[PDB]
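K.L.:
I'm passing along entry-v3.tsv; it holds TSV, C-alpha atoms and all ligand atoms.
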chain	number	residue	atom	x	y	z
A	1	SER	CA	-14.90	-12.17	20.70
A	2	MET	CA	-12.53	-13.22	17.95
A	3	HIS	CA	-9.91	-14.24	20.55
A	4	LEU	CA	-12.19	-17.16	21.45
A	5	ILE	CA	-12.04	-18.78	18.00
A	6	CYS	CA	-8.63	-17.96	16.53
A	7	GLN	CA	-6.22	-20.06	18.75
A	8	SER	CA	-3.63	-22.69	17.64
A	9	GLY	CA	-5.34	-26.06	17.26
A	10	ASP	CA	-8.78	-24.55	16.62
A	11	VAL	CA	-10.41	-26.12	13.57
A	12	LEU	CA	-12.45	-23.96	11.17
A	13	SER	CA	-15.10	-25.19	8.73
A	14	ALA	CA	-14.29	-28.77	9.89
A	15	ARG	CA	-11.26	-28.40	7.73
A	16	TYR	CA	-8.68	-25.77	8.58
A	17	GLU	CA	-6.47	-26.33	11.60
A	18	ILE	CA	-4.89	-23.15	13.02
A	19	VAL	CA	-1.14	-23.37	13.44
A	20	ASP	CA	0.00	-19.70	13.87
A	21	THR	CA	-1.13	-16.01	13.61
A	22	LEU	CA	0.32	-14.21	10.55
A	23	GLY	CA	-0.92	-10.63	11.16
A	24	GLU	CA	-3.66	-8.36	12.50
A	25	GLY	CA	-5.33	-5.29	11.04
A	26	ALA	CA	-8.40	-3.14	11.59
A	27	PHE	CA	-10.46	-5.88	9.88
A	28	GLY	CA	-9.43	-8.71	12.27
A	29	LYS	CA	-6.55	-11.20	11.98
A	30	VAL	CA	-4.95	-13.55	9.48
A	31	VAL	CA	-4.02	-17.05	10.66
A	32	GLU	CA	-1.97	-19.82	9.02
A	33	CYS	CA	-3.91	-23.12	8.76
A	34	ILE	CA	-3.39	-26.69	7.62
A	35	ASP	CA	-6.14	-27.62	5.13
A	36	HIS	CA	-7.00	-31.24	5.95
A	37	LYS	CA	-9.28	-31.54	2.90
A	38	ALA	CA	-6.61	-30.39	0.41
A	39	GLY	CA	-3.78	-32.74	1.19
A	40	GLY	CA	-2.47	-30.72	4.12
A	41	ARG	CA	-1.82	-27.52	2.13
A	42	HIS	CA	-0.94	-24.56	4.38
A	43	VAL	CA	-3.21	-21.62	3.68
A	44	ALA	CA	-3.94	-18.15	5.15
A	45	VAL	CA	-7.36	-17.48	6.61
A	46	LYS	CA	-8.52	-13.92	7.16
A	47	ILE	CA	-10.92	-13.88	10.10
A	48	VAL	CA	-13.00	-10.73	9.97
A	49	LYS	CA	-14.44	-8.85	12.97
A	50	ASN	CA	-18.19	-9.33	13.50
A	51	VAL	CA	-18.62	-5.57	13.02
A	52	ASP	CA	-20.90	-4.05	10.32
A	53	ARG	CA	-18.31	-1.98	8.42
A	54	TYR	CA	-15.75	-4.87	8.33
A	55	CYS	CA	-18.37	-7.47	7.39
A	56	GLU	CA	-19.47	-5.27	4.48
A	57	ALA	CA	-15.85	-4.78	3.33
A	58	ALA	CA	-15.27	-8.56	3.48
A	59	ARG	CA	-18.32	-9.30	1.36
A	60	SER	CA	-17.10	-6.67	-1.16
A	61	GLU	CA	-13.56	-8.15	-1.07
A	62	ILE	CA	-14.95	-11.60	-1.89
A	63	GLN	CA	-16.79	-10.16	-4.91
A	64	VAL	CA	-13.66	-8.32	-6.15
A	65	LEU	CA	-11.47	-11.38	-5.67
A	66	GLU	CA	-13.93	-13.66	-7.54
A	67	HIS	CA	-13.73	-11.19	-10.46
A	68	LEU	CA	-9.96	-10.76	-10.43
A	69	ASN	CA	-9.17	-14.40	-9.94
A	70	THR	CA	-11.52	-15.48	-12.78
A	71	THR	CA	-10.14	-12.75	-15.05
A	72	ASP	CA	-6.48	-13.80	-14.31
A	73	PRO	CA	-6.60	-17.48	-13.43
A	74	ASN	CA	-2.82	-17.97	-13.83
A	75	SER	CA	-2.17	-14.94	-11.40
A	76	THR	CA	-0.01	-13.42	-14.11
A	77	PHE	CA	-0.73	-9.98	-12.58
A	78	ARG	CA	0.15	-11.05	-9.04
A	79	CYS	CA	-3.07	-10.31	-7.12
A	80	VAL	CA	-3.49	-12.79	-4.26
A	81	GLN	CA	-5.58	-15.92	-5.01
A	82	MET	CA	-8.68	-16.50	-2.88
A	83	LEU	CA	-9.52	-20.20	-2.46
A	84	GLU	CA	-12.92	-20.00	-0.75
A	85	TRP	CA	-14.82	-18.35	2.09
A	86	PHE	CA	-17.04	-19.50	4.90
A	87	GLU	CA	-18.64	-18.34	8.18
A	88	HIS	CA	-17.45	-19.37	11.62
A	89	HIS	CA	-19.23	-18.41	14.83
A	90	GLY	CA	-20.62	-15.41	13.00
A	91	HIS	CA	-17.30	-14.28	11.51
A	92	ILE	CA	-16.67	-14.17	7.78
A	93	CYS	CA	-13.49	-16.12	7.03
A	94	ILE	CA	-11.67	-15.86	3.70
A	95	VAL	CA	-9.14	-18.51	2.66
A	96	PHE	CA	-6.11	-17.47	0.56
A	97	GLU	CA	-2.90	-18.87	-0.77
A	98	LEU	CA	-0.21	-18.54	1.94
A	99	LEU	CA	2.39	-15.80	1.31
A	100	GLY	CA	5.42	-14.60	3.24
A	101	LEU	CA	5.95	-11.45	5.28
A	102	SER	CA	4.39	-8.16	4.29
A	103	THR	CA	6.87	-5.61	3.06
A	104	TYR	CA	6.08	-3.63	6.22
A	105	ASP	CA	6.89	-6.56	8.54
A	106	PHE	CA	10.10	-7.24	6.61
A	107	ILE	CA	11.27	-3.65	7.09
A	108	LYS	CA	10.28	-3.79	10.77
A	109	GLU	CA	12.17	-7.04	11.40
A	110	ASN	CA	15.15	-5.49	9.54
A	111	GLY	CA	15.38	-2.68	12.13
A	112	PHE	CA	13.53	-0.32	9.77
A	113	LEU	CA	16.43	-0.42	7.31
A	114	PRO	CA	15.59	0.21	3.66
A	115	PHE	CA	15.65	-2.12	0.71
A	116	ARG	CA	18.54	-2.23	-1.77
A	117	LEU	CA	17.81	-0.39	-5.04
A	118	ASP	CA	17.83	-3.51	-7.26
A	119	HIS	CA	15.11	-5.03	-5.07
A	120	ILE	CA	13.11	-1.77	-5.07
A	121	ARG	CA	13.16	-1.81	-8.88
A	122	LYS	CA	11.84	-5.38	-9.14
A	123	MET	CA	9.20	-4.75	-6.43
A	124	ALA	CA	8.08	-1.43	-8.01
A	125	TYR	CA	7.66	-3.04	-11.43
A	126	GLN	CA	5.53	-5.86	-9.98
A	127	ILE	CA	3.43	-3.48	-7.88
A	128	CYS	CA	2.81	-1.26	-10.93
A	129	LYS	CA	1.92	-4.23	-13.15
A	130	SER	CA	-0.49	-5.64	-10.53
A	131	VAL	CA	-2.25	-2.37	-9.75
A	132	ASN	CA	-2.37	-1.54	-13.46
A	133	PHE	CA	-4.35	-4.77	-13.92
A	134	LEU	CA	-6.88	-3.46	-11.36
A	135	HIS	CA	-6.97	-0.13	-13.26
A	136	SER	CA	-7.64	-2.02	-16.54
A	137	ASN	CA	-10.71	-3.62	-14.88
A	138	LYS	CA	-12.32	-0.39	-13.70
A	139	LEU	CA	-11.06	-0.76	-10.14
A	140	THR	CA	-9.12	1.40	-7.72
A	141	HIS	CA	-7.42	-0.27	-4.74
A	142	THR	CA	-7.49	2.86	-2.48
A	143	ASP	CA	-5.43	1.33	0.36
A	144	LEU	CA	-2.01	0.60	-1.01
A	145	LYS	CA	0.62	0.55	1.69
A	146	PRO	CA	3.54	-1.70	2.62
A	147	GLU	CA	1.30	-3.84	4.90
A	148	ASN	CA	-0.76	-4.76	1.78
A	149	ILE	CA	2.20	-5.85	-0.37
A	150	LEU	CA	3.45	-9.29	0.57
A	151	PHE	CA	6.55	-11.24	-0.35
A	152	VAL	CA	5.84	-14.60	-1.97
A	153	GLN	CA	8.73	-15.96	0.10
A	154	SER	CA	10.61	-13.85	2.64
A	155	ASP	CA	13.79	-15.82	3.27
A	156	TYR	CA	16.84	-13.60	3.71
A	157	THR	CA	20.60	-13.61	4.24
A	158	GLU	CA	22.17	-11.42	6.88
A	159	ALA	CA	25.50	-9.57	6.90
A	160	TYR	CA	27.17	-6.66	8.68
A	161	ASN	CA	27.28	-3.35	6.82
A	162	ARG	CA	24.27	-2.24	10.97
A	163	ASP	CA	23.62	-5.95	10.41
A	164	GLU	CA	21.23	-6.02	7.41
A	165	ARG	CA	18.87	-8.63	6.09
A	166	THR	CA	18.74	-9.06	2.32
A	167	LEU	CA	15.92	-10.86	0.50
A	168	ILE	CA	16.78	-13.94	-1.56
A	169	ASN	CA	13.77	-13.40	-3.83
A	170	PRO	CA	11.84	-10.09	-3.73
A	171	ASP	CA	8.75	-11.25	-5.75
A	172	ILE	CA	5.49	-9.79	-4.34
A	173	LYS	CA	1.72	-10.05	-4.49
A	174	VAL	CA	-0.88	-7.34	-3.75
A	175	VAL	CA	-3.49	-8.10	-1.09
A	176	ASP	CA	-6.51	-6.56	0.66
A	177	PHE	CA	-9.42	-5.76	-1.60
A	178	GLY	CA	-11.83	-4.69	1.12
A	179	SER	CA	-11.73	-0.98	0.11
A	180	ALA	CA	-11.37	-1.55	-3.67
A	181	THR	CA	-13.95	0.44	-5.61
A	182	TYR	CA	-15.36	0.09	-9.14
A	183	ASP	CA	-15.63	3.15	-11.40
A	184	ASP	CA	-19.46	3.07	-11.30
A	185	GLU	CA	-19.80	2.49	-7.54
A	186	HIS	CA	-20.09	4.92	-4.65
A	187	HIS	CA	-16.81	6.56	-3.80
A	188	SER	CA	-16.21	7.03	-0.06
A	189	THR	CA	-15.43	10.58	0.95
A	190	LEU	CA	-12.29	9.39	2.76
A	191	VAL	CA	-9.96	6.67	1.48
A	192	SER	CA	-6.44	5.41	2.02
A	193	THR	CA	-4.26	5.21	5.14
A	194	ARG	CA	-3.09	8.70	6.05
A	195	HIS	CA	0.58	8.50	5.12
A	196	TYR	CA	-0.31	7.17	1.59
A	197	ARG	CA	-3.31	9.46	0.98
A	198	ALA	CA	-3.42	11.61	-2.20
A	199	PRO	CA	-4.02	15.38	-2.19
A	200	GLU	CA	-7.29	15.14	-4.19
A	201	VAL	CA	-8.57	12.82	-1.46
A	202	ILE	CA	-7.56	15.20	1.34
A	203	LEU	CA	-9.09	18.16	-0.56
A	204	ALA	CA	-12.25	16.24	-1.52
A	205	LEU	CA	-11.90	17.04	-5.19
A	206	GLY	CA	-12.92	13.56	-6.29
A	207	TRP	CA	-10.68	10.52	-6.68
A	208	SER	CA	-10.18	7.57	-9.03
A	209	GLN	CA	-7.25	5.41	-10.21
A	210	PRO	CA	-4.64	8.19	-9.88
A	211	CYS	CA	-4.93	8.12	-6.06
A	212	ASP	CA	-3.30	4.59	-6.21
A	213	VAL	CA	-0.38	6.07	-8.17
A	214	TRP	CA	0.20	8.61	-5.41
A	215	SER	CA	0.11	5.82	-2.78
A	216	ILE	CA	2.66	3.83	-4.82
A	217	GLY	CA	5.01	6.86	-4.93
A	218	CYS	CA	4.81	7.11	-1.14
A	219	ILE	CA	5.49	3.34	-0.81
A	220	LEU	CA	8.60	3.59	-3.00
A	221	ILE	CA	10.00	6.43	-0.87
A	222	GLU	CA	9.42	4.29	2.29
A	223	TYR	CA	11.16	1.31	0.62
A	224	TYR	CA	14.11	3.58	-0.23
A	225	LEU	CA	14.49	5.27	3.17
A	226	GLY	CA	12.90	2.87	5.68
A	227	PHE	CA	10.51	5.59	6.90
A	228	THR	CA	7.74	7.85	5.62
A	229	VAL	CA	8.45	11.42	4.43
A	230	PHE	CA	4.97	12.34	5.81
A	231	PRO	CA	5.31	11.48	9.57
A	232	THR	CA	1.94	12.96	10.70
A	233	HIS	CA	-1.53	12.17	11.93
A	234	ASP	CA	-3.16	15.47	10.93
A	235	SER	CA	-4.54	16.46	7.48
A	236	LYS	CA	-3.48	20.09	7.57
A	237	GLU	CA	0.03	19.13	8.79
A	238	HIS	CA	0.11	16.53	5.98
A	239	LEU	CA	-0.57	19.31	3.43
A	240	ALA	CA	2.15	21.46	5.05
A	241	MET	CA	4.57	18.54	4.64
A	242	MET	CA	3.61	18.14	0.99
A	243	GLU	CA	4.34	21.81	0.43
A	244	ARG	CA	7.83	21.52	1.96
A	245	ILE	CA	8.71	18.34	0.01
A	246	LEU	CA	6.96	18.98	-3.33
A	247	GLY	CA	6.31	22.71	-3.46
A	248	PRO	CA	3.13	24.72	-3.41
A	249	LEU	CA	-0.25	23.20	-4.23
A	250	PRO	CA	-1.66	24.12	-7.69
A	251	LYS	CA	-3.81	27.24	-7.55
A	252	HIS	CA	-6.69	25.47	-9.29
A	253	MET	CA	-6.87	22.79	-6.62
A	254	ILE	CA	-6.94	25.38	-3.84
A	255	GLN	CA	-9.51	27.38	-5.88
A	256	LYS	CA	-11.84	24.39	-6.28
A	257	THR	CA	-11.73	22.69	-2.87
A	258	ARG	CA	-14.59	22.75	-0.35
A	259	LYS	CA	-12.04	22.04	2.39
A	260	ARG	CA	-11.77	25.72	3.19
A	261	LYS	CA	-10.75	24.78	6.79
A	262	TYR	CA	-7.20	24.20	5.62
A	263	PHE	CA	-6.77	27.59	3.94
A	264	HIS	CA	-6.44	31.28	4.74
A	265	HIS	CA	-7.47	32.97	1.53
A	266	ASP	CA	-5.44	31.19	-1.21
A	267	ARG	CA	-2.69	29.70	0.99
A	268	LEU	CA	-2.45	26.98	3.57
A	269	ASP	CA	-3.54	28.24	7.04
A	270	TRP	CA	-0.25	27.24	8.62
A	271	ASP	CA	1.85	28.69	11.41
A	272	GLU	CA	5.49	27.85	10.70
A	273	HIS	CA	6.42	28.84	14.28
A	274	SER	CA	4.00	26.58	16.29
A	275	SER	CA	5.11	23.16	17.64
A	276	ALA	CA	3.72	21.47	14.51
A	277	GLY	CA	5.30	24.17	12.32
A	278	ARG	CA	8.70	23.72	13.88
A	279	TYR	CA	8.42	19.94	13.47
A	280	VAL	CA	7.49	20.14	9.78
A	281	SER	CA	10.36	22.59	9.11
A	282	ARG	CA	12.76	20.15	10.80
A	283	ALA	CA	11.35	16.92	9.43
A	284	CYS	CA	10.67	17.93	5.79
A	285	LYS	CA	12.78	19.16	2.90
A	286	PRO	CA	12.61	19.05	-0.90
A	287	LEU	CA	12.13	15.50	-2.24
A	288	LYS	CA	15.49	15.15	-4.04
A	289	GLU	CA	17.41	16.01	-0.84
A	290	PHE	CA	16.32	12.63	0.49
A	291	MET	CA	18.48	10.89	-2.11
A	292	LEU	CA	21.13	8.62	-0.65
A	293	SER	CA	23.35	8.82	-3.75
A	294	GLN	CA	23.52	10.81	-6.99
A	295	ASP	CA	24.27	7.73	-9.11
A	296	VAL	CA	22.07	7.71	-12.20
A	297	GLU	CA	19.98	4.72	-11.06
A	298	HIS	CA	18.93	6.79	-8.01
A	299	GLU	CA	18.18	9.69	-10.29
A	300	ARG	CA	15.97	7.37	-12.41
A	301	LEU	CA	14.01	6.22	-9.29
A	302	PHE	CA	13.51	9.77	-8.05
A	303	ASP	CA	12.33	10.97	-11.47
A	304	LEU	CA	9.64	8.27	-11.34
A	305	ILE	CA	8.69	9.13	-7.73
A	306	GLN	CA	8.37	12.81	-8.56
A	307	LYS	CA	6.01	11.97	-11.48
A	308	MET	CA	3.91	9.70	-9.21
A	309	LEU	CA	3.68	12.56	-6.68
A	310	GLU	CA	2.39	15.09	-9.22
A	311	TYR	CA	-0.30	17.07	-7.40
A	312	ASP	CA	-2.79	17.24	-10.33
A	313	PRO	CA	-4.33	13.76	-10.67
A	314	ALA	CA	-4.98	14.24	-14.41
A	315	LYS	CA	-1.39	15.20	-15.12
A	316	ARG	CA	-0.09	12.48	-12.82
A	317	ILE	CA	1.67	9.62	-14.56
A	318	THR	CA	-0.49	6.52	-15.12
A	319	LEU	CA	0.72	3.04	-14.25
A	320	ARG	CA	0.78	2.07	-17.96
A	321	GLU	CA	3.22	5.01	-18.46
A	322	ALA	CA	5.17	4.19	-15.29
A	323	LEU	CA	5.90	0.71	-16.59
A	324	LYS	CA	7.71	2.36	-19.57
A	325	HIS	CA	9.89	4.61	-17.39
A	326	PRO	CA	13.74	4.50	-17.64
A	327	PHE	CA	14.03	3.21	-14.06
A	328	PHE	CA	12.76	-0.13	-15.39
A	329	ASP	CA	15.00	-0.30	-18.49
A	330	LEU	CA	17.47	-2.42	-16.45
A	331	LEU	CA	14.76	-5.16	-16.09
A	332	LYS	CA	14.24	-5.22	-19.83
A	333	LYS	CA	17.85	-6.08	-20.69
B	401	LIG	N1	-4.38	-7.33	4.74
B	401	LIG	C1	-4.54	-8.55	4.23
B	401	LIG	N2	-3.58	-9.47	4.47
B	401	LIG	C2	-4.03	-10.58	3.88
B	401	LIG	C3	-3.41	-11.92	3.79
B	401	LIG	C4	-4.06	-13.05	3.03
B	401	LIG	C5	-3.12	-13.53	1.92
B	401	LIG	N3	-2.07	-14.47	2.33
B	401	LIG	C6	-1.28	-14.39	3.38
B	401	LIG	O1	-0.38	-15.22	3.63
B	401	LIG	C7	-1.28	-13.31	4.38
B	401	LIG	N4	-0.30	-13.18	5.28
B	401	LIG	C8	-0.49	-12.08	6.04
B	401	LIG	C9	-1.63	-11.46	5.63
B	401	LIG	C10	-2.16	-12.15	4.53
B	401	LIG	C11	-5.32	-10.18	3.27
B	401	LIG	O2	-6.07	-10.92	2.56
B	401	LIG	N5	-5.62	-8.91	3.53
Written as structure tokens, how would this file's structure read?
P.N.:
Amino acid sequence: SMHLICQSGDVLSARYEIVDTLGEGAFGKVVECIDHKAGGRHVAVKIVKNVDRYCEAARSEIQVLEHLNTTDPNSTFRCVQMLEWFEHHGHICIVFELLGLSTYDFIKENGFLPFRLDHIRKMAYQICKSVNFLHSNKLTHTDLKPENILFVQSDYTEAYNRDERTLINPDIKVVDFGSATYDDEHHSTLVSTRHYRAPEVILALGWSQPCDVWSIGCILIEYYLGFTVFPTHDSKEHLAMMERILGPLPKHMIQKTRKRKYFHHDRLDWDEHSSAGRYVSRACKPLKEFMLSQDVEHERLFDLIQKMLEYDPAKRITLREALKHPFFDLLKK
């Protein structure tokens, strides 16, 4: 098992000495190592489960990273830099530049308090620019979520408001290219982590780059509030939540979908008065009611979020367009 080969002091590839665990995911774990053959540089090594689906994803991730890193050698577009890969007791191991905490882990260690708006703006711009670079290279990420956006450096100051932690420097990088898909490749029927999953994915209408834009809109709401507006583990409940927050689904999408299981005639097959129904009614409300302030900068953020959460993936704002939105005009002064 992986536990046997991922401990502090273990040495990988006769080169990388484990000093700490950074994180764990479905794929395996990421450890911090000292690289004895690169002057003692600390690096991150992703140790992948010796399990078919995760091995395949790792091999695909390596191919994507080779492409992206050769295309953008200066990391101008802020995708994580892969250094090399190797195999260790049957596990694929991928070596990366060492980053700070994921945006998820930062929020968690901050008592699930949200980020300040000025930080959200800077983070959103960088996320959009980075994912737009993928989109320009015929790729879709498919698994954008706060766990896959990492701070370059996660030092903070703390002060009483709740005691809150505030980032010194909110610069990010995008990680995890194990699900990333090229335009001409097979598209998995299911993609994304549930809370960040686009309606065209749920309804099996076909997906491409716009599903990343949806995920980004969900991420920005979580950064703003400290929690998801879609607190569910069920697809039909997820659609019910979308309806309460964003309004009814477009007729044409309901007309076209093979996912007839979710619908009674032309409307969601949903009992407002069941346990799940009562929960959705309590937990969900129109998007703009989640605003914490009516100051114009909040209005600018919510205008962008609403465009990112457009149901129709063709109408949905692209990242190239998002980068020109008024919310970002403050960064361009
Ligand atoms: N999910 C995912 N996380 C990755 C890395 C590798 C990139 N660098 C890191 O420091 C790191 N810290 C915590 C996790 C990571 C990664 O490559 N995929």
K.L.:
What's around range 203-218 of chain A at 6 Å? Count all atoms listed in the file, leave out sequence neighbours fewer than 5 positions away in its own chain, and write the answer as a ChimeraX atom specification.
P.N.:
/A:140,142,144,196,198,257,259,305,308-309,313
K.L.:
What gap, in Å, lies between CA of residue 104 in chain A and CA of residue 225 in chain A?
P.N.:
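About the pair CA of residue 104 in chain A and CA of residue 225 in chain A: they are 12.6 Å apart.
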K.L.:
Please work out which residues fall within 12 Å of (-8.7, -3.4, 15.4), coordinates as given in the file, with only C-alpha atoms counting, and return them as a list in words.
P.N.:
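Using only C-alpha atoms, the matching residues come out as residues 1, 2, 23, 24, 25, 26, 27, 28, 29, 47, 48, 49, 50, 51, 53 and 54 of chain A.
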K.L.:
Taking only C-alpha atoms and all ligand atoms into account, report as a CSV table (one decimal) with C-alpha atoms, keeping the file's coordinate frame which residues have an atom no farther than 9 Å from an atom of ligand LIG 401 (chain B).
P.N.:
chain,number,residue,atom,x,y,z
A,21,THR,CA,-1.1,-16.0,13.6
A,22,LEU,CA,0.3,-14.2,10.6
A,23,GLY,CA,-0.9,-10.6,11.2
A,24,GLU,CA,-3.7,-8.4,12.5
A,25,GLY,CA,-5.3,-5.3,11.0
A,26,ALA,CA,-8.4,-3.1,11.6
A,27,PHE,CA,-10.5,-5.9,9.9
A,29,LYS,CA,-6.6,-11.2,12.0
A,30,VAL,CA,-5.0,-13.6,9.5
A,31,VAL,CA,-4.0,-17.0,10.7
A,32,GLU,CA,-2.0,-19.8,9.0
A,43,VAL,CA,-3.2,-21.6,3.7
A,44,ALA,CA,-3.9,-18.2,5.2
A,45,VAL,CA,-7.4,-17.5,6.6
A,46,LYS,CA,-8.5,-13.9,7.2
A,61,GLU,CA,-13.6,-8.2,-1.1
A,80,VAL,CA,-3.5,-12.8,-4.3
A,81,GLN,CA,-5.6,-15.9,-5.0
A,82,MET,CA,-8.7,-16.5,-2.9
A,94,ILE,CA,-11.7,-15.9,3.7
A,95,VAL,CA,-9.1,-18.5,2.7
A,96,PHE,CA,-6.1,-17.5,0.6
A,97,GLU,CA,-2.9,-18.9,-0.8
A,98,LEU,CA,-0.2,-18.5,1.9
A,99,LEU,CA,2.4,-15.8,1.3
A,100,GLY,CA,5.4,-14.6,3.2
A,101,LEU,CA,6.0,-11.4,5.3
A,102,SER,CA,4.4,-8.2,4.3
A,147,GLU,CA,1.3,-3.8,4.9
A,148,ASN,CA,-0.8,-4.8,1.8
A,149,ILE,CA,2.2,-5.8,-0.4
A,150,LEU,CA,3.4,-9.3,0.6
A,151,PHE,CA,6.6,-11.2,-0.4
A,152,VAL,CA,5.8,-14.6,-2.0
A,173,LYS,CA,1.7,-10.0,-4.5
A,174,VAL,CA,-0.9,-7.3,-3.8
A,175,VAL,CA,-3.5,-8.1,-1.1
A,176,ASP,CA,-6.5,-6.6,0.7
A,177,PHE,CA,-9.4,-5.8,-1.6
A,178,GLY,CA,-11.8,-4.7,1.1
K.L.:
Nearest residue to residue 107 in chain A out of A:167, A:283, A:83, A:57, using all atoms listed in the file?
P.N.:
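For residue 107 in chain A, the nearest of the given residues is A:167.
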K.L.:
Go through A:312, A:164, A:105, A:184 and flag the residue nearest residue 139 in chain A, using all atoms listed in the file for the distances.
P.N.:
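So, comparing all the options, the nearest one is A:184.
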K.L.:
Have a look at CA of residue 236 in chain A and CA of residue 221 in chain A and let me know their distance in Å, one decimal.
P.N.:
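About the pair CA of residue 236 in chain A and CA of residue 221 in chain A: they are 21.0 Å apart.
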K.L.:
Just how far from CA of residue 239 in chain A is CA of residue 194 in chain A, in Å to one decimal?
P.N.:
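Calculated distance between CA of residue 194 in chain A and CA of residue 239 in chain A is 11.2 Å.
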K.L.:
Could you put an axis-aligned box around every listed atom of range 54-73 of chain A, padded by 5 Å on each side, and send me its centre and edge lengths in Å to one decimal, as lines of an AutoDock Vina configuration file?
P.N.:
center_x = -13.0
center_y = -11.1
center_z = -3.4
size_x = 23.0
size_y = 22.7
size_z = 33.4
K.L.:
Around (9.6, 5.2, -15.8) in the file's own coordinates, what residues are found within 8 Å if you use all atoms listed in the file, given back as JSON, numbers by chain?
P.N.:
{"A": [300, 301, 303, 304, 321, 322, 323, 324, 325, 326, 327, 328]}
K.L.:
When distances are computed from all atoms listed in the file, which of A:85, A:106, A:224, A:290 shows the smallest separation from residue 58 in chain A?
P.N.:
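Closest to residue 58 in chain A, using all atoms listed in the file: A:85.
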K.L.:
Excluding residue 330 in chain A and its own-chain neighbours fewer than 3 positions away, which residues fall within 10 Å of it when counting only C-alpha atoms? Please give them as a VMD selection string.
P.N.:
chain A and resid 118 121 to 122 297 326 to 327 333
K.L.:
Restricting the calculation to all atoms listed in the file, which member of A:68, A:295, A:310, A:193 is positioned closest to residue 248 in chain A?
P.N.:
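That would be A:310, the residue with the smallest distance to residue 248 in chain A.
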K.L.:
For residue 187 in chain A, which residue out of A:169, A:329, A:146, A:141 is the nearest one, using all atoms listed in the file?
P.N.:
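Of the candidates, the smallest distance to residue 187 in chain A is held by A:141.
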K.L.:
Which is closer to residue 249 in chain A than all the others in A:113, A:52, A:285, A:200, using only C-alpha atoms?
P.N.:
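So, comparing all the options, the nearest one is A:200.
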K.L.:
So that I can check the surroundings of residue 123 in chain A, please list as a PyMOL selection string every protein, DNA and RNA residue that reaches within 7 Å of it, counting only C-alpha atoms and ignoring chain neighbours fewer than 4 positions away.
P.N.:
chain A and resi 119+127+170-172
